[PDB]
Protein chains: 4
Amino acid sequence: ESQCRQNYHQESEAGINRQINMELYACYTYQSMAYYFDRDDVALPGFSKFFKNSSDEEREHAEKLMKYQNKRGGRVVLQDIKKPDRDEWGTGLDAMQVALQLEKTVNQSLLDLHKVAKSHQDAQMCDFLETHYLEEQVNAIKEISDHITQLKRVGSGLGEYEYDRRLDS
Amino acid sequence: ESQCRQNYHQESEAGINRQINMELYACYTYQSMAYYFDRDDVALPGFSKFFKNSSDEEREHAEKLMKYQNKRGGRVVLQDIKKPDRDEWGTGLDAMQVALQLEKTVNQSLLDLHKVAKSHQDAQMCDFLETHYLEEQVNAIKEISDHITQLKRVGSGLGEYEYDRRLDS
Amino acid sequence: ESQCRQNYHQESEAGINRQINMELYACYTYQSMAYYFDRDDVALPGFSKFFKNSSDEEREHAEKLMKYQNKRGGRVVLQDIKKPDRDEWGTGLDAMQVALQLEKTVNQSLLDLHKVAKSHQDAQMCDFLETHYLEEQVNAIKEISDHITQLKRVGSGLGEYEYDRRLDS
Amino acid sequence: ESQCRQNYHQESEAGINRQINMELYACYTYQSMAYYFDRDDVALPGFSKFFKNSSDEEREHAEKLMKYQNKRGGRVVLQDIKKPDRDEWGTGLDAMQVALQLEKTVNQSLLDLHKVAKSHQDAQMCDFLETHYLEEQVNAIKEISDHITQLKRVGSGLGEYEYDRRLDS
Ligand SMILES: [Fe+3]
Ligand SMILES: [Fe+3]
Ligand SMILES: [Fe+3]
Ligand SMILES: [Fe+3]
């Protein structure tokens, strides 16, 4: 047993490893959308940049969990990173609806994992997830929702071009 | 009864006073290690400086609890500060193992006291301890653990000299 | 058929996707080594930083291939990313030997893919791989080889500690 | 026989003169599109600026071949520059489709000429074309292709006006 370990349950630890894989899956999907919108027959560089940055943030989320695992005395165990669901992602509106459901999926995995820690009375881990994970998801979901509403307002064609310019700046 | 007092249980208050004394005990032990490594027959100024700073942080921890006690309407009641366990602390590796067990002791006293506050539904006090106490202990324990692992890697003699240079910068 | 496509053979295209997956696999193994050395019972932060940066570079390599794929009119197709071979990586010297064999694996794949492009007379793709991929692998293999030679010179114990300081500074 | 000449085949030399004329023809067509969009009944100053710059780049490409010709010991021989194919170029989307087919024509000629040099084992000339000509054509074709995709997204009318602002800014 690790010399750090104090108040850190086996179940919390494996949840972290589960969530790490979840973040990496999010990162992989976002990265696929990014280069999907870089395609010459899509050509939406603002959407492309928005998802590339979303990707880099999910990967940052994952490494902080890895860092946390070590801080508490857990051990990182990595699984395969499953490829994204689709190879093509449709219109800009389509990919953002996928993004919303993705972020909500991640939020649920995080809310479940907060439950494990509260159950085991892991107060520090609860605050860790409150401060560094749950608040980001709430902002991320609201922001993507706003995007969805705007993409429906402007419609297709010129409207989708104009919103892409908005993500590009 | 204090005009501040709201949602602050008698048991939470006396736990604070208990923890204050615990922090001061930590400060006193660290201060003893600091000047132990300042001895001419020990002469490890980097270890000396590491523990002197650890001491100053524990004392800062204690005064913030005193400040908190007053914020909530409690009353600070101070007890004797028991002298440290040992007068001499052995090698640099030895004193860090003592430090780890010390920090873990403090972490347990804090985790227990978080339980009192959660039990009394003292949400504000839980966040106070999450934000300002529990996260520091997790970082402090991990950092001391790393030190222990390194002190075993470099061994005694020149290796302990080299690590002391690392704490001195 | 993409309006971009000119002189871009379907076999070259599928190799890019192949190499993309290989780079991502390299990235994943380095990420694993990085947080392996961040463990409290390993505690080699220099080695940890070296592999975290190596990780970030492989992902950079992968995104430039995705970018290239789109430039030539190909289409990115992502596969799973297989978990790294090991969960623990031993000593600093051990993980570097793995890194050399990893880099050589990546170099071999890149060399094979340069063959596919020269066969199809894809001159631009050859220079792309020459300029942005083959030169880095040669430098990377040599640098890791130097690291291996040095880690054997200093031996274990204090010597592995000293080299970790060299990777950190 | 030039005192420079080494490993420079007469067929490579005559191809350079061939390509010089091709670059100048590209330059001339872009110059025509530029002032086509400066017409008061077209009035697309962004498109006009984009093609004026494209014009200036092709002439730059041509002068570097003349410069190269002299470096290797060849001799520049200039032919007529044929008027552009059209006098009017239609919509912004139309002229970009012409531009893509133009760039691909130039790319094809450059690829053929790279073949002539590799056959004659003119390694330096291959890298010259790889470094200074083939990479730019790949980027140019992709950028124009992106433009084509966007001009179809925004449609005509306001959409063509908005994209013109994007090329102007
Ligand atoms: Fe995330
Ligand atoms: Fe403390
Ligand atoms: Fe690589
Ligand atoms: Fe040109």
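Order of the sequence lines fixes the chain letters, A, B, ..., with proteins taken first and strands second; residue numbering starts at 1 for each chain. These values consider heavy atoms only, across backbone and side chains, with no hydrogens, waters or symmetry-generated copies.
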Query raised in the report: Under 3.5 Å, is there a donor-acceptor pair between the C:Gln69 and C:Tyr8 side chains?
Result: yes

Query raised in the report: Does the side chain of A:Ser109 come under 3.5 Å of the side chain of A:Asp112 through a donor N or O and an acceptor N or O?
Result: no

Backbone N/O of [Y] and side chain of [X]: donor-acceptor pair under 3.5 Å:
X: C:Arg75; Y: A:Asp87; result: no
X: C:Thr29; Y: C:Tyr25; result: yes
X: D:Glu23; Y: D:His61; result: no
X: A:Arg39; Y: A:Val42; result: no
X: A:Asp80; Y: C:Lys82; result: no
X: A:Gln137; Y: A:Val106; result: no
X: B:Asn139; Y: B:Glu135; result: yes

Can you tell me how far [atom2] of [Y] sits from [atom1] of [X], rounded to the nearest 0.5 angstrom?
X: A:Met22; Y: A:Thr105; atom1: CE; atom2: OG1; answer: 6.5 Å
X: C:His114; Y: C:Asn107; atom1: NE2; atom2: CG; answer: 11.5 Å
X: A:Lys49; Y: A:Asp168; atom1: NZ; atom2: CG; answer: 6.0 Å
X: A:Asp40; Y: D:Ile141; atom1: CG; atom2: CD1; answer: 11.0 Å
X: C:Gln31; Y: C:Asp56; atom1: CD; atom2: CG; answer: 8.0 Å
X: A:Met33; Y: A:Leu102; atom1: CE; atom2: CG; answer: 6.5 Å

Does the side chain of [Y] come within less than 4.5 Å of [X]'s, by heavy atoms?
X: C:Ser2; Y: A:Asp41; value: no
X: C:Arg18; Y: C:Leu65; value: no
X: A:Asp146; Y: A:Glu143; value: no
X: D:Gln97; Y: D:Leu151; value: no
X: A:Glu103; Y: A:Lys142; value: no
X: D:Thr131; Y: C:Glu130; value: no
X: A:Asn21; Y: A:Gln79; value: yes
X: C:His9; Y: C:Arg72; value: no

Looking only at heavy atoms, what is the nearest atom pair of [X] and [Y], with distance?
X: A:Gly46; Y: A:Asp164; value: N-OD1, 2.8 Å
X: D:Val154; Y: D:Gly159; value: CG2-O, 3.3 Å
X: C:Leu110; Y: C:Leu129; value: O-CD1, 4.5 Å
X: C:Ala34; Y: C:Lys52; value: CB-N, 3.6 Å
X: C:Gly15; Y: C:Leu113; value: C-CD1, 3.2 Å
X: D:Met96; Y: D:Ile144; value: O-CG2, 3.5 Å

Query raised in the report: Within a reach of under 6.0 Å around CZ of D:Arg166, are more than 12 heavy atoms found that belong to other residues, nucleotides or ligands?
Result: yes

Query raised in the report: Has A:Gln108 got more than 12 heavy atoms of other residues, nucleotides or ligands less than 6.0 Å from its CD?
Result: yes

Requested in this report: Applying ring-ring contact (aromatic ring centres under 6.0 Å, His included) between C:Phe47 and each of C:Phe37, C:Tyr35, C:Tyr36, C:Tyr30, report the one that passes.
Outcome: C:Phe37

Query raised in the report: Are A:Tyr133 and A:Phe128 close enough that their ring centres sit under 6.0 Å apart?
Result: yes

Query raised in the report: So, do D:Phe50 and D:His147 have ring centers that fall under 6.0 Å from each other?
Result: yes

Query raised in the report: Got a salt bridge between A:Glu160 and D:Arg153, using NZ or NE/NH1/NH2 to carboxylate O under 4.0 Å?
Result: yes

Query raised in the report: Would A:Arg59 and A:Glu63 pass as an ion pair if we require N to O under 4.0 Å?
Result: yes

**Report entry** Chi angles and distances behind the side chain to side chain contact (heavy atoms under 4.5 Å, CB included) call for A:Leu44, D:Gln150
**Finding:** CA-CA 8 Å; A:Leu44 288 163; D:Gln150 290 264 67; 4.1 Å; yes

Query raised in the report: Are B:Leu134 and A:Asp127 close enough, and set up right, to give a side chain to side chain contact (heavy atoms under 4.5 Å, CB included), and what steps lead you there?
Result: CA-CA 9 Å; B:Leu134 299 188; A:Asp127 189 71; over 6 Å; no

Report task. I would like to know whether C:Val76 and C:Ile20 meet side chain to side chain contact (heavy atoms under 4.5 Å, CB included); could you show each step before the answer? Result -> CA-CA 9 Å; C:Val76 180; C:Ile20 285 172; 4.3 Å; yes

Query - Worked verdict on A:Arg165 versus A:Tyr161 for side chain to side chain contact (heavy atoms under 4.5 Å, CB included) - result: CA-CA 6 Å; A:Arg165 275 204 326 124; A:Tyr161 165 89; 3.7 Å; yes

